[PDB]
Amino acid sequence: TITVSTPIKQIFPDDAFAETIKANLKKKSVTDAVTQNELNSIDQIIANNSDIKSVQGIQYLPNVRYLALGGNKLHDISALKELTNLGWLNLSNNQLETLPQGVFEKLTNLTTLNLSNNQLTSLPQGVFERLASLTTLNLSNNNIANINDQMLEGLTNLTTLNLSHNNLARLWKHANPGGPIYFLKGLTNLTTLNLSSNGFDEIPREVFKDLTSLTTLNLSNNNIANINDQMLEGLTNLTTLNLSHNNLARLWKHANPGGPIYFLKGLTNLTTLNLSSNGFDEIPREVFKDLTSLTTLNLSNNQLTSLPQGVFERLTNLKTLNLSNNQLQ
């Protein structure tokens with residue numbers, strides 16, 4: 001608590017953040033004095049892209065609920081640890097290299113946590129374990145190479161998970177010591193999962209089996225060359241699947257030992273399918289037979305030289321078919 005009238009600049013030593021508080025409070029100067037009663041009135045700070053280097057002083061804003069600090073220069077967030085009213089936190093595009101042990105332990109009201117576009121390489125044990133109301137977790141565009149399988153446990157309300165643009169490939173190799181990491185266990189409310197741009201070349205069997213609410217799966221821009229045909233088993237609500245920019249070609253060749261892999265079987269609710277840039281030189285005649293709902297099908301930028309007669313005929317809802325930049329007639 002600020003117990004005596006104190007200049008804003010004395011509480012918030014970062015020039016940019018002092019200006020932020022001044023503006024929020026509609027004070028005329030950062031030399032203007034404030035009381036805790038005025039700081040108590042602050043429940044939102046929206047200060048993305050503001051050249052903030054330090055949020056020191058934010059400890060005196062106990063009632064902050066919405067905190068937007070993307071696009072600043074932060075390297076330390078330990079000043080947030082007692083901000084128990086936080087519901088929404090954007091720390092995207094800062095200079096965070098690590099997260100302090102226990103930093104989010106008390107942020108039990110957080111619904112949305114955006115840590116994208118930082119320099120994170122690992123996550124401490126238990127870092128998210130108290131975030132019972134978290135619906136949205138964005139860790140994209142970091143350098144994250146270690147996760148253990150209890151990172152996301154009891155995030156039962158998680159609906160959106162973005163792990164794109166990291167270095168998770170090692171964890172899903174069948175030969176990973178101790179076994180592959182099944183970090184998507186128990187996420188039964190997850191609807192959107194982005195695992196693009198991670199260098200993945202193997203997909204552990206049943207790795208997605210608990211994701212019964214999943215509607216959108218983005219596995220693009222990986223090195224994926226083996227799918228077996230049960231990857232997407234029971235993911236019946238899947239509507240959007242992006243497998244573009246992978247290495248699936250061999251799985252669709254008639255001479256594949258031992259037949260094409262029919263990895264799209266059963267996807268009767270799928271509306272959007274992107275299979276562009278996979279090197280496909282053939283499309284098996286029956287590979288789309290179950291895709292009753294398909295509306296948009298992107299097969300661009302492959303190596304297709306013909307198409308079996310009738311391959312698209314069961315696709316009665318198809319509106320957009322992109323066959324561009326193949327070697328077709």
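Annotations for the structure displayed:
This table checks each residue for (1) within 27 Å of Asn109 (Cβ to Cβ); (2) among the small types (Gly, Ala, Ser); (3) crowded, with 20+ Cβ neighbours inside 10 Å.
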| residue | (1), (2), (3) |
| --- | --- |
| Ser5 | no, yes, no |
| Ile11 | yes, no, yes |
| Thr35 | yes, no, no |
| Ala47 | yes, yes, yes |
| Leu61 | yes, no, yes |
| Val64 | yes, no, yes |
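- Subset of region 80-131 [assigned to a loop (DSSP other than H, G, I, E, B), aliphatic (A, V, I, L, M) and more than 18 Å from the chain's Cα centre (by Cα)]: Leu83, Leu86, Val103, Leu107
- Among the residues examined, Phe17 qualifies as out of contact with any helix residue (DSSP H, G or I) (no Cβ under 7 Å at 6 or more places or on another chain), under 24 Å from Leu115 (Cβ atoms), surrounded by 16 or more Cβ atoms within 10 Å (Cβ to Cβ) and not aliphatic (A, V, I, L, M).
- Top-ranked residue in region 168-217 [being in a loop (DSSP other than H, G, I, E, B) and among the β-branched types (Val, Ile, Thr); ranked as nearest to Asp149 (Cα to Cα)]: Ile181
- Residue, nearest to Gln101 (Cα to Cα), within region 65-85, restricted to residues that are in contact (Cβ under 8 Å) with a residue 24 or more places away in the chain and hydroxyl-bearing (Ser, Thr, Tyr): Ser78
- With respect to (1) touching a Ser or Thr at 6+ places or on another chain (Cβ under 7 Å); (2) loosely packed, with under 15 Cβ neighbours inside 10 Å; (3) of a type outside the set (D, E, K, R), the lone exception for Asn274 is condition (2).
- Long-range neighbours under 6 Å by Cβ, at least six apart or interchain, first residue more than 16 Å from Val287 (Cα to Cα) within region 216-231, second charged (D, E, K, R): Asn223/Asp201
Residue-by-condition table, conditions (1) over 18 Å from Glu202 (Cα atoms); (2) loosely packed, with under 14 Cβ neighbours inside 10 Å:
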position: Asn228; (1), (2): no, yes
position: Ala249; (1), (2): no, no
position: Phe263; (1), (2): no, no
position: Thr268; (1), (2): yes, yes
position: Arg285; (1), (2): yes, no
position: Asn302; (1), (2): yes, no
position: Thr305; (1), (2): yes, yes
position: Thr320; (1), (2): yes, yes
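- Counted residues, region 148-187 - those being in contact with a helix residue (DSSP H, G or I) (Cβ under 6 Å, 6 or more places away or on another chain) and crowded, with 20+ Cβ neighbours inside 10 Å: 1
- In region 118-147, the residues that are surrounded by 15 or more Cβ atoms within 10 Å (Cβ to Cβ) and under 20 Å from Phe200 (Cα atoms): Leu120, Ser122, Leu123, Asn138, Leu139, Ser140, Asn141, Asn142, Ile144, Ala145, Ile147
- Taken over region 156-165, the criterion of being outside any strand (DSSP E or B) and under 14 Å from the mean Cα position of the chain (by Cα) is satisfied by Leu158, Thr159, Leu163, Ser164, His165.
- Taking region 71-95 as the range and being buried (at least 19 other Cβ atoms within 10 Å of the Cβ) and touching a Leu at 6+ places or on another chain (Cβ under 9 Å) as the test, the residues that pass are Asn72, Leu74, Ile77, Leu80, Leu83, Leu86, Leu89, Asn90, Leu91, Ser92, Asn94.
- In this structure, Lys253 does not satisfy being buried (at least 16 other Cβ atoms within 10 Å of the Cβ), touching a residue at least 24 places away in the same chain (Cβ under 8 Å) and more than 22 Å from the chain's Cα centre (by Cα).
- Subset of region 246-295 that is of a type in the set (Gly, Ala, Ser) and out of contact with any strand residue (DSSP E or B) (no Cβ under 6 Å at 6 or more places or on another chain) - its residue that is nearest to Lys319 (Cα to Cα): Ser293
Heads up, the Cβs are rebuilt from the backbone with ideal geometry, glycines too, and the neighbour counts pull from every protein chain shown. Quick note: the coordinates plus some simple rules give every number you see, no bench work behind them.
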